[PDB]
2 protein chains.
Amino acid sequence: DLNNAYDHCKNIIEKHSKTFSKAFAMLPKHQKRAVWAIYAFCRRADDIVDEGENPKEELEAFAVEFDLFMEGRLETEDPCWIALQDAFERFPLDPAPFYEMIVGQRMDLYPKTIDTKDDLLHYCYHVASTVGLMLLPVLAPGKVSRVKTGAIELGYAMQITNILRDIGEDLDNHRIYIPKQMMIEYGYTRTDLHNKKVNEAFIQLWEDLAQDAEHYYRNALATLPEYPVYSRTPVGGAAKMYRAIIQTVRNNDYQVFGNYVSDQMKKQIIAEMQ
Amino acid sequence: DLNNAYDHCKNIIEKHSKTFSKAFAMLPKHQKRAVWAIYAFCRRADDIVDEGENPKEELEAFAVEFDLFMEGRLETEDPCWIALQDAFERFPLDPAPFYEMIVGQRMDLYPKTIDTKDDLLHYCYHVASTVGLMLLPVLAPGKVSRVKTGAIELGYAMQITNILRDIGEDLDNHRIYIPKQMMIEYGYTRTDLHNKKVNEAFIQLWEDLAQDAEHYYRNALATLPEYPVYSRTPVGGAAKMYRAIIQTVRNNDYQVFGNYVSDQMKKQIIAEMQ
Ligand SMILES: CC(C)=CCC/C(C)=C/CSP(=O)(O)OP(=O)(O)O
Ligand SMILES: CC(C)=CCC/C(C)=C/CSP(=O)(O)OP(=O)(O)O
Ligand SMILES: CC(C)=CCC/C(C)=C/CSP(=O)(O)OP(=O)(O)O
Ligand SMILES: CC(C)=CCC/C(C)=C/CSP(=O)(O)OP(=O)(O)O
Ligand SMILES: [Mg+2]
Ligand SMILES: [Mg+2]
Ligand SMILES: [Mg+2]
Ligand SMILES: [Mg+2]
Ligand SMILES: [Mg+2]
Ligand SMILES: [Mg+2]
């Protein structure tokens with residue numbers, strides 16, 4: 001039944017994201033469950049590309065499942081698809097950003113170099129802003145057009161934050177999301193990055209991206225009054241909690257070659273939102 | 001004196017390249033010493049970018065030295081510059097490919113993705129074909145125009161060979177020279193490459209590049225009669241010796257994630273050339 005299939009998706013979000021489970025547990029019942037289902041879609045697709053043994057074939061098999069899903073002919077016992085089917089039934093979810101999300105996951109299948117900041121935003125749009133777009137009909141039922149730009153920019157904001165915390169982790173998987181033009185601008189070589197060096201040039205480049213993330217966070221938060229009241233604390237809380245990763249890395253002297261917002265800090269952000 | 005400064009450059013080539021020291025020891029005295037000096041220039045610049053701690057600044061300091069060298073005002077005790085200065089005095093060396101070589105070394109300073117085969121040839125031209133061009137006035141004094149295309153293609157041939165043997169070694173330094181379009185064409189993912197997988201798709205892609213190298217080797221060898229007699233065995237020998245790396249990897253079942261032409265095989269190639 002629906003409660004079991006949603007409970008499965010609740011287990012996924014609570015296992016993989018402390019920040020987003022605590023934010024979204026504050027939504028009303030049916031919005032919260034739909035976000036759980038939307039989350040499990042995103043998290044499966046990202047796990048295929050980033051952690052599956054055969055990512056080209058697994059993701060293509062995942063997208064075919066979604067084509068069948070969207071045509072209402074996917075018949076299965078998989079709780080995530082049963083939860084998503086109700087969510088799509090219960091709220092006017094748009095499939096466009098769901099597809100766009102898969103197009104973004106495709107980008108991580110083969111070697112790519114981010115050259116410019118726009119390259120970076122293009123990537124961030126497809127793997128993170130799309131998720132913002134998937135959620136808006138649940139979060140802002142009648143006001144999607146009024147809040148869409150801020151949702152997109154909140155996407156940029158959090159993906160850059162995640163990239164900025166995961167520099168070493170991404171290097172060890174032979175991924176670089178730092179724009180090459182910035183590395184040239186600040187004199188931070190690939191040899192420097194290979195030697196996991198935190199010098200003044202690295203900090204300059206990190207801070208330049210971090211301030212971009214911060215402007216986007218600010219834009220997104222400026223749209224929070226346009227959300228319905230029940231969405232303001234979960235959306236605002238999730239943003240501030242994730243934004244707090246940046247300052248965490250600052251207080252740890254930018255050591256991103258070995259970072260969590262603390263549980264207590266997370267609660268402080270929530271309480272301030274309340 | 002000159003004999004000491006050339007003897008220093010002889011020590012460099014014999015330490016770093018079995019293939020090219022044995023080929024070029026067969027040249028007459030003054031051609032052989034000049035090749036030694038030309039070799040030490042190339043090998044210093046490549047060592048800066050690939051093994052220096054501060055490659056942006058070291059290579060720029062190396063290029064400034066060469067600007068001063070070319071204006072005849074570099075005064076030093078460094079044997080490699082004293083050997084190169086005679087070589088430039090003794091033979092009509094062109095500085096154009098020497099500069100182009102540094103432009104090619106610049107490319108390895110920051111993250112880059114080879115997208116297409118032309119990307120690859122562009123890179124190979126600047127780091128390997130230029131070396132062919134540096135050598136031609138010593139190897140083919142009056143016939144540079146007649147043999148230049150083959151020298152360039154011999155460049156392509158050997159750089160691809162080197163890339164093709166060094167796939168794992170280059171991966172561990174966070175370098176990928178495989179064109180991304182080929183990985184897409186043959187279904188060889190970045191995850192596959194990260195898992196150092198030698199599957200049928202990897203072999204298909206490897207063999208496609210290997211046949212390109214082989215066509216270029218064939219073109220270059222077809223120009224060998226246009227070289228003067230004393231250059232035919234060293235140029236032909238060096239090419240066949242380096243080309244033999246490809247078949248070596250074939251006989252080792254393409255295991256390039258852990259390959260040498262044997263000493264005895266090297267001698268067989270030389271004797272056949274003689
Ligand atoms: C679906 C919602 C609301 C949030 C999660 C979206 C999702 C699946 C993010 C993948 S997070 P993660 O693997 O930590 O980040 P990346 O390295 O893939 O860029
Ligand atoms: C919540 C709203 C309004 C927009 C969300 C934008 C968003 C959730 C981008 C992905 S955050 P990510 O770090 O990728 O996912 P987790 O580490 O929390 O698992
Ligand atoms: C100067 C002559 C005739 C041959 C040597 C040219 C030279 C310095 C090649 C560098 S070889 P190597 O480091 O093994 O090859 P790459 O990985 O740099 O592409
Ligand atoms: C000898 C002629 C005519 C053209 C030479 C083209 C050439 C030497 C390209 C570099 S071979 P490389 O593998 O880079 O250098 P080593 O491993 O032998 O040190
Ligand atoms: Mg991902
Ligand atoms: Mg990921
Ligand atoms: Mg990450
Ligand atoms: Mg090199
Ligand atoms: Mg090298
Ligand atoms: Mg190599």
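Order of the sequence lines sets the chain letters (A, B, ...), proteins ahead of strands, with each chain counted from 1. Scope of the values below: all heavy atoms of this structure, side chains included, with no hydrogens, waters or symmetry mates.
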Interatomic distance, CG@A:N54 vs CG@B:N195, rounded to 0.5 Å, equals 10.0 Å
Let me confirm one number: the OG1-CG distance from A:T189 to B:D108, rounded to the nearest 0.5 Å.
12.0 Å
Tell me, with the steps shown, if A:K56 and B:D192 meet side-chain contact (heavy atoms from CB on, under 4.5 Å).
CA-CA 10 Å; A:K56 171 54 170 175; B:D192 284 346; over 6 Å; no
If you take all heavy atoms of [X] and [Y], which pair is closest and at what distance?
X: B:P111; Y: A:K180; value: O-CD, 3.1 Å
X: B:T191; Y: A:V49; value: OG1-O, 4.1 Å
X: B:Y188; Y: A:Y110; value: O-CE2, 3.5 Å

Intermediate values then yes/no, side-chain contact (heavy atoms from CB on, under 4.5 Å), A:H174 and B:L193
CA-CA 10 Å; A:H174 305 259; B:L193 174 69; over 6 Å; no
